[PDB]
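Here is how the chains run, residue by residue.
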Amino acid sequence: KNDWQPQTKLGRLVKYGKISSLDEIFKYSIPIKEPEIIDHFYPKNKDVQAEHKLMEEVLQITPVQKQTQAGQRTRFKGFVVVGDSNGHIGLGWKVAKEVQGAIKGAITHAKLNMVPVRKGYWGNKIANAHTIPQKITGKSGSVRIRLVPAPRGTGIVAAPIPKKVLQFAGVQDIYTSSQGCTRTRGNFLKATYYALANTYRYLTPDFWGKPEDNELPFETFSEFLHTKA
Amino acid sequence: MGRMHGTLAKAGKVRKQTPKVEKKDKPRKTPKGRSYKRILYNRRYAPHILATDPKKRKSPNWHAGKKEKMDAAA
Amino acid sequence: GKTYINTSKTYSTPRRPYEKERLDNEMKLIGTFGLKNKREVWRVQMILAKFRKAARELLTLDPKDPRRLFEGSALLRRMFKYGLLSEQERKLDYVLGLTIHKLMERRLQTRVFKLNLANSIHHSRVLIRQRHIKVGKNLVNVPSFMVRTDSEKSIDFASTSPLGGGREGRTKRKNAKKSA
Amino acid sequence: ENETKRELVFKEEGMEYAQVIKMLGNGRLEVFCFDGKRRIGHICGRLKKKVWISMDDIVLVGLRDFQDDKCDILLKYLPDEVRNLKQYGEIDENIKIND
Amino acid sequence: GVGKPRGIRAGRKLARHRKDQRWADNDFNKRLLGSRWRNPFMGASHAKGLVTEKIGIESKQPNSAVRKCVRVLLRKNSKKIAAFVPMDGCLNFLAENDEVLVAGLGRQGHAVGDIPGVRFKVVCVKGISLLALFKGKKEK
RNA sequence: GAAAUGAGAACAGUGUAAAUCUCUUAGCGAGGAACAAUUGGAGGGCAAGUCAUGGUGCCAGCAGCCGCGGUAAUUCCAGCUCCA
Ligand SMILES: [Mg+2]
Ligand SMILES: [Mg+2]
Ligand SMILES: [Mg+2]
Ligand SMILES: [Mg+2]
Ligand SMILES: [Mg+2]
Ligand SMILES: [Mg+2]
Ligand SMILES: [Mg+2]
Ligand SMILES: [Mg+2]
Ligand SMILES: [Mg+2]
Ligand SMILES: [Mg+2]
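Reading the values: the criteria
- Residues numbered from 1 in each chain as written, not as in the entry; some residues may be left out.
- Chains lettered and ligands numbered in written order.
- Part of a larger assembly, values for the part shown.
- Heavy atoms only, no water.
- UniProt positions renumbered as here; feature names shortened; annotations may be inferred.
- Helix = DSSP H or I, 4+ residues; strand = E, 2+ residues; numbered from the N terminus.
- Rg over C-alpha atoms; globule rule 2.2 N^0.38 Å.
- Buried < 20%, exposed > 50% of the residue type's maximum accessible area, 1.4 Å probe, protein only.
- Contact = heavy atoms within 4.5 Å.
- Areas by Shrake-Rupley, 256 points an atom, 1.4 Å probe, with all protein chains shown as cover.
- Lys, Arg positive; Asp, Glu negative; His and termini not counted.
- Charge placed at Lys NZ, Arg CZ, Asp CG, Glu CD.
- Buried area = accessible area lost by both parts, 1.4 Å probe.
- Salt bridge = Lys/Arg side-chain N within 4 Å of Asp/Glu carboxyl O.
- Polar contact = N/O pair within 3.5 Å; in protein donor to acceptor, adjacent residues only side chain to side chain.
- Pairing = 2+ DSSP bridges.
- Axes fitted to C-alpha atoms, helices over the stretch in contact; angles between N-to-C directions.
- Arc of directions from axis to C-beta.
- Patch = residues over 30% accessible without salt bridge, like charges linked within 9 Å, V, L, I, M, F, W, Y side chains within 5 Å.
- Core = buried A, V, L, I, M, F, W, Y, C linked by side-chain atoms within 4.5 Å.

The deposited coordinates, according to the entry record, derive from X-ray crystallography at 3.703 Å resolution.

As recorded by the PDB entry, chain D carries the name TRANSLATION INITIATION FACTOR EIF-1A FAMILY PROTEIN and is attributed to Tetrahymena thermophila SB210. The record deposited in the PDB is entitled "THE CRYSTAL STRUCTURE OF THE EUKARYOTIC 40S RIBOSOMAL SUBUNIT IN COMPLEX WITH EIF1 AND EIF1A". You can read under Function (unreviewed entry) in the UniProt record for chain D the words "Seems to be required for maximal rate of protein biosynthesis. Enhances ribosome dissociation into subunits and stabilizes the binding of the initiator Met-tRNA(I) to 40 S ribosomal subunits." You can read under Sequence similarities (unreviewed entry) in the UniProt record for chain D the words "Belongs to the eIF-1A family."

For chain B, the Sequence similarities (unreviewed entry) comment in UniProt is given as "Belongs to the eukaryotic ribosomal protein eS30 family."

Written as structure tokens, this is what we have:
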């Protein structure tokens, strides 16, 4: 059973090669619950040179304890980052009693959590947006992270963890600032992620004009969906 | 717990006890300087190593003993 | 003893003594450019950093500003002569984009080797330390010599050494002077 | 009742026989040594685990070169090992062993 | 609000307020009143002394061992100091009443690890190093 | 397998108030414990052991901090290897 049968309307729309690009899903803000939709846009034919290669990384694995009916019952938590270096990043975490299990479930989670980082210009606008449009802030638990845009080739100035996240996002050049208890790795990761996410939340002056008015994919593709397969 | 011979708290005990084992006489020698970092680059960051799966890359000290250098060369 | 000669520091030491990604990159550099000794890469890093501080301060400034005009001009003219910058990028912004990979590529080792004058990035480093190469009007015994785009024309072997038509060295002499 | 028979161990050089005098705490005690000196002993990490010691027990004591005033409690003697010591003629026949 | 003046004539109150609150920072306090100079080293990096006693020191919980030590009479101070003697059977390299070189343990005035309260270590014996002696480079 | 060369060491020449050293240079000066780099580390922080390694068995000792050692020590004493 290596063939994917979509349980989501969006899932159908994706598998059958109807919705064009991933970012489009992001645009119409269609919830992705199915961790297939994502592997779709990232083909496993394995051409080594694409920067659109989708990357997975285990970050954390934690032995979590419970006190239950006189026993001490351990599970594992894990954190996972997924990203193509080009614009797209997700973070996920899962608890399970078997390690490789926690890992798989967390990969799946992270995929469901995919988010569109926005890339801006520091100084004069020439070629590759190497950084963020504004300064922004992640907040998780106690922790805070501030992302400030840096000039060309500054590189990522940031702790090992948020650095890893940012590299997955494909921010080349950045300045970091962190508050809170940062050694809480899940909160640090979370913060960096949410921060990276807020890039598109910020209304910058270039976003000021009237947007395009389009119909949702579902309204256009309504005919397709109501055929019975 | 009925095994005791030496006085507790004697000063040089463990060092005195330790057998003297002689450092092996090396055939030839370890290259000093740049050449050494060449050697390291070779056995570590060289093209063939990079070509192999980065998650399956083999850790630098994995072999203490020579039987696994024989198993590594085969 | 009073003395007015100036102080120097050519390199810098990282905040973080052990980090894999960095160590690995540094050994990829040491590998490809045939260096020894991490500080060589560090001093290259230092140099680049100086360049970048310059460009940055200049970008603070108004584009009209006399100082940015003159000193910026000077920085880019300074790039060409070393061939760190291609013909087309004379804008200060492209300075920042400078790679250590480009800058090490301007080494005399990197130059001699890639000039088919030496078999190996290592063969090179002995050669220019063996006193076997001339650059311009001088004899350069230094691996770290940053190469004038203009002197790239005249890089050939020393008229002093063999490979320069000079007498075969003490080795060949001692081998050959023992008959039968 | 007893733990497995093992050879009664004698005072080697650098050790002395001792009898427990009073209890200090922190695993310490004052001992009368058959050297003829009183000392303040500490209890072995080994003995802290196994054998509980109390007052007027006969113990073997590892000594210290530098500080003679402190000594380490090495091992406790079972009353039979003791009566045997008296037999052998190691420690003096007039001594009080209590059960 | 913020309980802190913001105003352009507020300068001195601000700076004075800091010149006060700064005292709660410990390193500042210890620095500012001479604290360094009164310590057994008299501000110094190391010190020379004479050995009064060789002494064993039973380790803090939960560890058991006998930490080899010495009580030294510092030649500059004439203060008495309790110092640790490092590595293995190095207590043997010491004779009572030698010249001895003593340094901090790396906590700057505080004890390290299982040795309770002992703030100093032995570096040199007579003229030579404990390291030199240990590895057996030189002889006493 | 022969080439390459400086450290060493020298005629001369450069240099000096003179002397030394440098620099230029004849006659010399490389195949292995020599012309042989160390100093600190391989549990985490922190790069490096998944030694069925030997010794010691809470002792000797390690450990900036957490901790390691109580007879199968990833932490002591050593050997190998490996790291900076
Ligand atoms: Mg902080
Ligand atoms: Mg402070
Ligand atoms: Mg320190
Ligand atoms: Mg403690
Ligand atoms: Mg050594
Ligand atoms: Mg002369
Ligand atoms: Mg040779
Ligand atoms: Mg050590
Ligand atoms: Mg063992
Ligand atoms: Mg070891």
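From this point, the discussion proceeds with the structure in view.
Caption draft 1: Local environment of the overall build of chain D. In terms of regular secondary structure, chain D is built from two helices and five strands. Reading chain D from its N end, one meets helices and strands in the order β-β-β-α-β-β-α. Taking 2.2 N^0.38 as the reference for a compact globule, 99 residues should give roughly 13 Å; the C-alpha atoms of chain D span a radius of gyration of 13 Å, in line with that estimate. Considered along the principal axes of its C-alpha atoms, chain D spans approximately 35 × 25 × 20 Å. Looking at chain D as a whole, 38% of its 99 residues are labelled buried. For chain D, restricting intrachain contacts to residue pairs at least 6 apart in sequence, the fraction spanning at least 24 positions comes to 51%. Carbon and sulfur atoms form 47% of the exposed surface of chain D, whose accessible area is close to 6200 Å². Side-chain charges in chain D split into 18 positive and 20 negative, and the spacing between the mean points of these groups amounts to 5 Å.

Caption draft 2: Highlighting the interface of chain D and chain B. Counting residues at the interface gives 17 residues for chain D and 10 residues for chain B. Carbon and sulfur atoms supply 58% of the area that chain D and chain B bury against each other, a total of about 1200 Å² over both sides. The largest share of the area that chain D buries against chain B comes from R6, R46 and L74 of chain D, three residues that together contribute 35% of it. For the interface between chain D and chain B, the tally reads zero salt bridges. At the surface where chain D touches chain B, the tally comes to zero residue pairs in polar contact.

Caption draft 3: Structural detail: the environment of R107 of chain C. All names here are of chain C. Relative to the elements of secondary structure, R107 occurs in the loop between helix 5 (100-104) and helix 6 (108-117). The exposure class assigned to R107 is buried, which follows from its relative accessible area of 4%. Taking the C-alpha atoms as reference points, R107 and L76, separated by 31 residues in sequence, lie 19 Å from one another. Setting aside anything within four residues of it in sequence, one finds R107 in contact with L35, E40, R43, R125, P143, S144, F145 and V147. Within polar-contact distance, the side chain of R107 engages the side chain of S144 at 3.3 Å.

Caption draft 4: The arrangement of the pattern of salt bridges in detail. Residue and element names in this part refer to chain A. If you walk through the whole model with that rule in mind, you get 33 salt bridges over all chains. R118 is the partner of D206 in a salt bridge, and the nearest nitrogen-oxygen pair spans 3.0 Å. Residue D206 is located in the loop between helix 6 (185-198) and helix 7 (217-220), and its partner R118 is located in the loop between strand 4 (115-116) and strand 5 (136-140); the two are separated by 88 residues in the primary sequence. According to the relative accessible area criterion, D206 is exposed, its value standing at 56%. With a relative accessible area of 13%, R118 lands in the buried category.

Caption draft 5: Fine view of the arrangement of the chains. The structure contains six pairs of chains in contact, of which chains B and D account for the largest number of contacts. One thing to see here is that chain C and chain D don't touch, and their nearest C-alpha atoms sit 39 Å from each other. The least C-alpha distance between chain C and chain E, which are not in contact, is 20 Å.

Caption draft 6: Inspection of the sheet that holds strand 2 (residues 28-33) of chain D at higher detail. All names here are of chain D. The five strands lie next to each other as 1-2-3-5-4, forming a closed barrel whose pairing is mixed. With direction set aside, neighbouring strand axes in the sheet form an average angle of 55°. When strand 1 (residues 15-23) meets strand 2, the two strands line up antiparallel, connected through five bridges. In the strand pairing of strand 2, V20 is matched with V31.

Caption draft 7: Quick look at helix 2 (residues 34-45) of chain B. Among all positions in helix 2 of chain B, only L40, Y41 and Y45 of chain B are buried. When helix 2 of chain B is viewed along its axis, its buried side chains cluster within an angular range of 100° and face the same direction.

Caption draft 8: Examining the pairing of strand 2 of chain D more closely. The antiparallel hairpin formed by strand 1 of chain D and strand 2 of chain D contains four residues in its connecting segment, where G25 of chain D sits at a positive phi of about 110°. Linking two consecutive strands that pair antiparallel, namely strand 2 of chain D and strand 3 (residues 38-43) of chain D, is a turn of four residues; a positive phi of about 105° is found at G36 of chain D within it.

Caption draft 9: Representation of a positive patch on the surface within the structure. Taken together, the side chains of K23, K24, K26, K29, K32, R43, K66 and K69 of chain B make up a positively charged region of the molecular surface. Judged by relative accessible area, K24 of chain B falls into the exposed class, the value being 56%.

Caption draft 10: Quick peek at unusual backbone geometry. For the peptide bond that leads from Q61 of chain E to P62 of chain E, omega is -5°, which places it in the cis range. By the secondary structure assignment, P62 of chain E is in the loop between strand 1 (46-58) and strand 2 (66-74). Of note in the backbone geometry, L163 of chain C takes a positive phi value of approximately 80° without being a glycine. With respect to the helices, strands and loops of the structure, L163 of chain C is situated in the loop between strand 2 (138-139) and helix 8 (170-176). Of note in this structure, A180 of chain C is not a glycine but carries a positive phi near 35°. Mapped onto the secondary structure, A180 of chain C falls in the segment after helix 8.

Caption draft 11: Quick peek at the side chain of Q134 of chain A. Take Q134 of chain A: it is sitting in the loop between strand 4 and strand 5. Setting aside residues up to four positions removed in sequence, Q134 of chain A forms contacts with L147, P149, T199, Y202 and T204 of chain A.

Caption draft 12: Representation of a nonpolar patch on the surface in the model. A cluster of nonpolar residues, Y200, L203, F207 and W208 of chain A, forms a patch on the protein surface that exposes about 510 Å² of accessible area. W208 of chain A gets classed as exposed once you look at its relative accessible area, which sits at 66%.

Caption draft 13: Quick look at the nonpolar core. Of all hydrophobic cores here, the largest spans 27 residues; its most connected members are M79, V95 and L98 of chain C. Elements represented by at least two residues in this core include exactly helix 2 of chain B together with helix 1 (20-32), helix 2 (39-60), helix 3 (66-82), helix 4 (93-96) and helix 5 of chain C. Here this core gets eight residues from one element, more than from any other, and that element is helix 2 of chain C. When near neighbours in sequence (up to four residues on either side) are disregarded, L98 of chain C contacts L48, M79, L84, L85 and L103 of chain C. Among the nonpolar cores identified, the runner-up in size contains 26 residues, and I132, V143, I156 and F188 of chain A belong to it.

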